[PDB]
Amino acid sequence: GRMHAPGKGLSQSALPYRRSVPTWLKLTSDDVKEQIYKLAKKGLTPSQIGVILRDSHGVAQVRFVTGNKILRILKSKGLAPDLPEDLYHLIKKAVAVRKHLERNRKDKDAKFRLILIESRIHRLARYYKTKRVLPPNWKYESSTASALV
Amino acid sequence: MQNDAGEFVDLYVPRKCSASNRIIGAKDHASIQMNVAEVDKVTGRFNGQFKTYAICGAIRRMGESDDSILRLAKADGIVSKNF
Amino acid sequence: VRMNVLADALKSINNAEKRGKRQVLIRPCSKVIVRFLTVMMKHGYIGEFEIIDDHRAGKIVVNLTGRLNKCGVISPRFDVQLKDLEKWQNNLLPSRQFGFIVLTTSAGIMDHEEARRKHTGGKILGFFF
Amino acid sequence: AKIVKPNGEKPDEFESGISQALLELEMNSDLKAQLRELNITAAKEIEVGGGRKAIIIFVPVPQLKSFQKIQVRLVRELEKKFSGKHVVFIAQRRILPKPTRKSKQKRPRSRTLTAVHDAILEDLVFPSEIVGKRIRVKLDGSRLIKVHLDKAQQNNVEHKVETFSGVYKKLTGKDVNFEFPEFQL
Amino acid sequence: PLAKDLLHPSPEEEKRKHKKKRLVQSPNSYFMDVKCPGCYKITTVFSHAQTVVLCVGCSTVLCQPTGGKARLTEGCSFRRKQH
RNA sequence: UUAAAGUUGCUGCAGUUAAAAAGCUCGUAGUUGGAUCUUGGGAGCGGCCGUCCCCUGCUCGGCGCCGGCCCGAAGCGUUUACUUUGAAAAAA
RNA sequence: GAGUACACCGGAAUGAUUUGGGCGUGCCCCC
């Protein structure tokens with residue numbers, strides 16, 4: 001089931017068995033990759049890049065049409081940020097919840113969810129420490145909100 | 001059971017279910033030695049030979065006996081494949 | 001979550017054989033499960049079984065013949081010598097004329113009866129009778 | 001002419017005749033705008049277990065992405081040139097030995113045995129693609145692969161299934177059959 | 001049922017079961033194409049468009065994002081595609 | 001004091017009502033942890049299979065042959081567990 | 001070239017001549 005929720009969910013993507021680039025779209029890899037670098041220079045998250053591609057440009061997955069996924073490409077040329085996107089979103093959620101608790105003191109459910117998301121960001125920060133992505137001495141602090149928002 | 005002398009020390013061979021391949025015991029009363037008749041080849045009559053079947057108590061207990069008799073009759077060829 | 005795929009597969013076989021289902025479905029797949037099902041079917045407890053090759057994790061369709069009574073596993077994977085297998089087949093088997101213990105020797109997953117001839121022991125997986 | 005072996009060796013006259021046929025169809029047909037760098041590594045004549053013969057052409061791996069655009073016309077040109085022989089393109093990968101503990105650089109998974117056999121089975125049947133792979137286990141332990149082929153481009157691939165089974169048995173050793181499911185597409 | 005046929009079941013059962021509980025998993029969505037009668041420029045739109053999609057050249061609105069399948073505006077033809 | 005004690009339960013206990021699940025959640029030590037990387041054949045022992053051989057090597061040399069071949073090898077093959085053999089292991 | 005029905009050609013089929021359009025490869029516009 002879920003890590004911090006009582007309910008169990010079964011709702012995710014389900015890829016088909018077929019390993020092929022479909023013939024109804026004839027789009028070479030390099031112009032597609034040019035569209036990824038343009039959309040990344042527009043200032044968007046790789047999940048949103050994949051959503052925009054499979055929405056408008058008709059490509060199913062990048063991994064079948066190229067040899068790499070999105071973050072490998074943005075790491076290969078170097079537009080990928082040092083902070084990963086999920087940890088960045090967890091930081092921004094923590095800052096928003098902390099500011100809400102700062103302007104609303106008598107609350108318990110918001111404080112409980114704050115402890116839950118601090119546990120989540122710590123358990124993810126251990127993983128990003130042991131996979132040599134983050135600096136080993138990098139420690140999140142509640143007061144370090146304006147450093148990386 | 002066989003033996004070194006080649007003599008079976010079995011006193012009676014127990015029968016076996018034709019559906020779930022299980023053994024019908026001595027004090028099980030929910031078992032049927034079913035006999036099914038086949039038609040004479042030319043028009044409609046009765047030959048005299050038999051097409052016998054067996055089933056244990058648990059299959060009838062859960063109730064899947066009609067399914068088993070259909071599969072056995074289809075395997076022996078009484079019921080056609082189109083069904 | 002799931003810690004032992006082999007245990008769940010064997011105990012699913014145990015449930016579906018105990019009721020009397022003719023054929024089964026197993027959700028995950030592994031190589032050791034494939035070798036175990038081969039040694040099951042070459043001792044004749046299991047008929048001609050199908051396994052399905054998808055691109056995430058395979059599924060196994062085992063047709064049953066009804067000869068199987070119970071097949072279980074031993075967790076965690078203990079080690080057994082040639083001098084300790086006699087006690088395990090004394091306190092784990094129903095009899096001595098039948099029932100086999102599989103074990104991972106150096107030659108692969110194979111039964112104890114040929115492991116006594118092969119003069120090689122190792123870790124233990126499970127049993128069937 | 002258009003054959004570059006990795007080693008400087010002279011093979012038999014058959015791949016020379018194959019290259020002569022390729023240059024003849026290049027100079028006769030309007031394919032000169034799409035045949036500039038297309039080398040051929042090797043070629044082999046085999047016979048299936050029956051009354052017919054088949055032709056294997058081994059091609060290099062990165063060149064085959066340019067061979068997508070040619071195998072609608074090239075196969076019918078080789079079929080009309082050699083009438084009793086079927087042509088098929090197989091990429092040339094190598095299998096690396098397993099890094100045994102008594103045995104240096106890492107073995108990538110693109111070069112392993114399963115990936116090589118999967119790529120060989122995928123590049124065998126080019127006009128119709130895979131829908132699903134099933135694999136039986138016999139009483140003798142002989143693993144039997146049965147692969148489901150596409151309903152699209154059905155008419156081209158009824159008569160070639162025995163040639164594919166023969167080339168996969170004489171190239172890998174595994175007995176492979178072919179079937180066409182019709183309840184999904 | 002003592003024996004279903006999970007080797008090759010009927011396709012109505014395959015649409016009856018879940019997208020992931022099937023014999024081989026396959027998504028119940030598709031890629032489709034759509035055009036506007038008042039304009040030219042044609043794009044290919046996923047069945048769950050998940051956002052507002054613009055015509056390629058800023059001509060008209062095509063899909064409204066919903067919980068499931070996106071809704072097309074009226075007067076727009078659509079067909080699927082396959083390989 | 002031991003077996004009986006499957007009433008200290010690793011083999012091998014119990015936790016709704018007989019003794020027994022902390023009010024609940026998070027959480028560092030501790031325990032456990034999804035799939036996947038090498039297949040197959042041949043000569044023969046015989047009328048498909050129970051026995052047996054095959055697919056990391058490159059400087060010193062003693063089985064021969066007409067400056068080249070297996071070779072005996074001083075030198076070396078990323079680390080661990082598991083299992084079988086061998087030595088050392090006092091007697092009573 | 002505005003490519004919805006359209007105006008120019010190059011390949012190519014029968015020394016000569018020549019067959020409605022669109023890109024969503026299969027159904028849409030025009031007779």
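Neighbour counts are summed over all protein chains in view; Cβ atoms, including those assigned to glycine, are modelled from backbone coordinates with ideal geometry. The numbers here are math on the coordinates, done by the rules we state, and not lab data.
Charge dipole (Cα centre; +1 on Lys/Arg Cβ, -1 on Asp/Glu Cβ; no other charges) of the protein assembly as shown amounts to roughly 2820 debye. Label-point separation (nm) for D:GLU37 and A:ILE115, each offset 7 Å from Cα along Cα-to-Cβ? If labels sit at D:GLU37 and A:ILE115, their model points lie 6.3 nm apart.
Structure remark: mean-square fluctuation, Gaussian network model of chain A, C-alpha springs under 10 Å; the largest value among A:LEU101, A:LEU90, A:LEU15 belongs to A:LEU15. Between the helical axis of B:65-76 and the longest alpha-carbon principal axis of chain B there is an angle of about 80 degrees. Residue by residue along B:51-62, Cβ atoms of other protein chains within 10 Å of the local Cβ number 1 on average.
Couplings 3J(HN,Hα) of segment A:42-55, computed from phi: 5, x, 10, 5, x, 4, 5, 5, x, 4, 5, 5, 6, 7 Hz, in residue order, whole Hz [Karplus 6.51 cos²θ - 1.76 cosθ + 1.60, θ = phi - 60°; x for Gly and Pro].
Distances between placed amide hydrogens fall under 5 Å for D:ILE135 paired with C:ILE51, C:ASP53, D:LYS146, all partners being 5 or more residues away or on another chain.
Among C:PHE49, C:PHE78, C:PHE36, the largest mean-square fluctuation in a Gaussian network model of chain C, built with springs joining Cα atoms closer than 10 Å, belongs to C:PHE78. Select from chain A the helices, each a whole stretch of DSSP H, whose alpha-carbon atoms run 20 Å or more along the helix axis and whose Kyte-Doolittle mean is at least -1.0; answer none if there are none. Qualifying helices, which must be both long enough and hydrophobic enough, are A:85-102, A:109-130. Using the Cβ of A:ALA80 as centre and a radius below 12 Å, the other residues enclosed give a net charge of +2, where K and R count +1 and D and E count -1. Residues whose amide H falls under 5 Å from that of C:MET110, counting only those 5 or more places apart or on a different chain, are C:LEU103, C:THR105, with hydrogens built in the peptide plane. Please find, in a Gaussian network model of chain C (springs between Cα atoms separated by less than 10 Å), the residue of C:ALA115, C:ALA57, C:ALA16 whose mean-square fluctuation is greatest. For chain C, modelled as a Gaussian network with Cα springs under 10 Å, the answer is C:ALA57.
For peptide A:50-56, the mean count of partner chain Cβ atoms within 10 Å of a residue's Cβ comes to 5. Here's how it looks for B:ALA54: its modeled amide H is under 5 Å from those of B:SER18, B:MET34, which are all 5 or more places away or on a different chain.
In the structure shown, the pairs B:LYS51/C:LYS11; A:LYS26/D:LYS151; B:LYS16/C:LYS123; A:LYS69/D:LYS169; A:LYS77/E:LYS15; C:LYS118/E:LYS21 are assessed against 32 Å; a Cα-Cα span above that value is assigned to B:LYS51/C:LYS11; B:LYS16/C:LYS123; A:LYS69/D:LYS169; A:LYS77/E:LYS15; C:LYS118/E:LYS21.
Considering the zone a paramagnetic label at A:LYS42 would reach in this model (a point 7 Å from Cα along the Cα-to-Cβ line), which residues of segment E:1-43 have amide N under 18 Å from it? Output list for this probe position: E:42-43.
Principal-axis analysis of the Cα atoms of chain C puts helix C:31-42 at an angle of about 80° to the longest axis. About the centre of its Cα atoms, chain D shows a dipole size close to 1220 debye [charges on the beta carbon of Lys, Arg (+1) and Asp, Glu (-1) only; nearest 20 debye]. Rounded to the nearest 20, the size of the Cβ-charge dipole of segment C:69-129 about its Cα centre is 40 debye, with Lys and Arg at +1 and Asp and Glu at -1.
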